[PDB]
Structures are given as structure tokens and as C-alpha cells.
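Just one chain follows, in the form deposited in one PDB entry, and it is written as C-alpha cells.
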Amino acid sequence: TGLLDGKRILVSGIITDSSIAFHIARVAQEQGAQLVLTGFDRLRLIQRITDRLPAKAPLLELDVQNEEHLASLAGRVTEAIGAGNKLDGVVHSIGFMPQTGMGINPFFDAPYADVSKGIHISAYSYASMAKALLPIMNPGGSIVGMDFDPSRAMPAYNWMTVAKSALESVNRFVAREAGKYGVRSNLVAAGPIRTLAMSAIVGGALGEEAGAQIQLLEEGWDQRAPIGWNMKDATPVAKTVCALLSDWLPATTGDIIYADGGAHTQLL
């Protein structure tokens, strides 16, 4: 049978077929998980994408900034999975940061309203999503978010890095809350994955300064990674998340698991 048999897992974050949450959903379903998906803006668009999944699953609207979406989320899920049923897994795979705070723009030229908006979506929403769903979660359940190692600074990532340093702090705190329900909360720190913005800067959407930079950071990842790293394959990352959602890591919470090919453990 499948890694996640008879587990009901909410997976947010799907926008395209290159999304990390798309492959987290695909694998979860491949491992026999009943899913519940959420989407942010282009619900019609994500309907077309989510239809390309192994199995049919309810799709709810969730704008983590929206105070109404959050207040109503549990009940909507209750309706979708069926009264008397609970969640065994929540996948937070949400991120955002205006151009001002990430990319070619000077680190010091990001206005706070932009940084604030990105932290809200990339860091605080993890707590508010756990606050909504914790109540309708089963003991032994698992909440996992996506992270990008922010231990050290780097070019381009700038204020996103500061948002991810927030998310890791938030995660350890959400573990406190989540423990009172016997639920774990961890983050999967993945190496770079080609999606849209990052698989666009290739040719040079950001210019010759950028491109040739990210193309360097990415490149070095595959060298540093003792088992290597293919930025065009989001499957290994997705499987790590499934391992976190499963029951084979029942004593690990408030933590961070690194799906980056070991790159973060090697200097050169």
C-alpha cells in the first residue's frame, strides 16, 4: 500500500504544473492520500492544472491575507472531507515577495510595505494556517511547510531570505501549539527548483548581472551536493514532504529537513 494511506491532507500552493505543491500532491495521491487543495487567485487556472492530477480532490480558495478565508477555512474543509472527518496533514507551500525585495533591486531599496507583505505571506501565514486547521487535525498529524536555507545571506534572494528566517522561527513556535494536539510541524529546506520566475531568469529576465549569478548559485549547488542536484526535478523534494506527512518520522517536530542533495553540508 501507499505511504499515506487513508490520510486526509490539505495541500496549498499549487498555481502551475511546475509548482512544488503540484508534485507534493501528485506523490501524495500516488501514495494513496485523500487530498484537499487550496488556491489563491487564479482559481480557474489552478482548476485546469489540478485536473491534471492522478485523482480528483476538492479545491478551496485561500488567500492567507484575507481574514475571512482564514476564519472560514476549517468549516469549508469539514464540508469537503465530511463532518466527522479530520485532517492528518497540512502542506504549506506558499511564498511571495515583491520585486522590490528580491532579485536585482538593491537590498536597501525595498520599502517595508513590500517586505511586510512578503513576510505576511511567506512566514506569518504558516501560523495562521496552522491556527485554522489545528482544530480539525488528528493526533499524529503532520504540518509541513517549504523553506530555503536562510542561515547565510546570498545574492538576489534578499528579503525573501529574511522571510524564510522568520518562517523557521515561526515553525518552532507552531510546534508548541501543534504539540497540544499531538501534531508535528516541520519545514522542508529544498534546493532550487525550476518553476516560473526562477526558470525565466535563465535566458535573462533580470539581465546579465542576474541570470549569470543565479546560474552560478544553482550550478554550485550541484557541485556542493554530494549526491548532486537537478534543479529541473521537483520529485525528490516532494517525496521528503511525504515522508514528513507519513508516520515514519513521528518524533521530529519544530525542525527542518534538508532536501538539497546535501549541498548545505559542504563548503566547496
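Only residues modelled in both forms are compared. Heads up: residue numbers just count along the shown sequence, starting at 1. Here, rigid core means the biggest group of C-alpha atoms that superpose within 1.5 Å across both forms.
Novice: Which has higher Cα B-factors on average according to the PDB entry: 209-217 or 29-37?
Specialist: Stretch with the higher mean C-alpha B-factor: 209-217.
Novice: Of the two stretches 57-65 and 222-230, which shows the higher Cα B-factor on average in the entry?
Specialist: Mean B over CA atoms: larger for 57-65.
Novice: Looking at 176, 117, 194, 152, which has the highest CA B-factor as recorded?
Specialist: Answer for 176, 117, 194, 152: 194, with the highest C-alpha B-factor.
Novice: Just to confirm, going by the entry's C-alpha B-factors, which of 127, 121, 187, 198 comes out highest?
Specialist: That would be 198.
Novice: Quick one: classify residue 4 as lowest, middle or highest third of the chain based on its Cα B-factor.
Specialist: Residue 4: CA B-factor falls in the middle third of its chain.
Novice: What third of the chain does residue 238 rank in for C-alpha temperature factor, lowest, middle or highest?
Specialist: Tercile = lowest for this residue's CA B-factor.
Novice: Please rank the C-alpha B-factors of the chain's modelled residues and tell me whether residue 247 sits in the lowest, middle or highest third.
Specialist: Residue 247: CA B-factor falls in the middle third of its chain.
Novice: Consider only the C-alpha atoms of the modelled residues in this chain, order them by B-factor as the entry records it, and name the third containing residue 138: lowest, middle or highest.
Specialist: It falls in the middle third of the chain.
Novice: For residue 73, return the chain-relative third of its C-alpha B-factor as stated in the PDB record: lowest, middle or highest.
Specialist: Middle third of the chain for residue 73's C-alpha B-factor.
Beyond what is shown, the protein has a form deposited in another entry; the following relates to that form.
Novice: Core-aligned, between the shown form and the other one, one residue among 70, 214, 243, 225 moves its CA by 2 Å or more. Tell me which.
Specialist: Result of the comparison: 214.
Novice: Residue 199: with the rigid core matched between the shown form and the other one, does its Cα shift 2 Å or more?
Specialist: Residue 199: C-alpha displaced by 2 Å or more between the shown form and the other one.
Novice: Looking in that other deposited form, decide if the C-alpha atoms of residue 210 and residue 113 are closer or farther than in the form shown; they differ by 3 Å or more.
Specialist: Compared with the shown chain, residue 210-residue 113 is farther in that other deposited form.
Novice: Between residue 100 and residue 201, do the C-alpha atoms lie closer or farther in that other deposited form than in the shown form, with a difference of 3 angstroms or more?
Specialist: So the answer is closer.
Novice: Where the Cα shift reaches 2 Å or more for at least three residues in a row, which ranges qualify between the shown form and the other one on a rigid core fit?
Specialist: This is the sole shifted run between the shown form and the other one: 197-219.
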